[PDB]
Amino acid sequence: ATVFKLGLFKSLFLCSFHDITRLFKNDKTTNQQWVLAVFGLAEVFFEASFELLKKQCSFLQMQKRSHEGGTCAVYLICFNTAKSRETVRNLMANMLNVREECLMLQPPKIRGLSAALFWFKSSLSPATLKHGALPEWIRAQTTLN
């Protein structure tokens, strides 16, 4: 089913989930920055999650799209504390009120222009929910040096 996942994502955000995330084959690997793809998220919970994550984050950007084929949302989170996938997998699964089977968690692709812009383009749209100062790896890759 993971196949129908990525396909749906790319379909809504016009770019492969991979083009914005590096791999972490171990759910125990800890890290602060995480990219989250959610499916079937309820509007209310989306709004809610925002406020709750602000408390424990340095930066946070949320976007949500949908259509007659299914809904989805993306999260760029910078937890004040390093969290393993399990840790996050648990925290969010509950916070968003969705089964784990509806979550894709991979660290961001901090080294890549294509990616770095995806976050910028979003930070432009008003629909997007932002909080905190843009991560360094993002501002740098998107500014005339």
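Residue indices: 1-based, along the sequence shown.
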Inset, instruction - Decide which of the stretches 73-81 and 116-124 has the higher mean C-alpha B-factor, going by the entry. - result: 116-124
Inset, instruction - Please work out which of 23-31 and 58-66 has the higher mean CA B-factor as recorded in the PDB entry. - result: 23-31
Inset, instruction - Return the residue from 96, 88, 53, 44 that has the highest Cα B-factor in the entry. - result: 44
Inset, instruction - Give the position of residue 36 by CA B-factor within its chain, expressed as the lowest, middle or highest third. - result: lowest
Legend entry - Position of residue 110 among the chain's modelled residues by C-alpha B-factor, lowest, middle or highest third: middle
Inset, instruction - Just say lowest, middle or highest third for the CA B-factor of residue 104 relative to the other modelled residues in its chain. - result: middle
Legend entry - Cα B factor band for residue 134 (lowest, middle or highest third within the chain): lowest
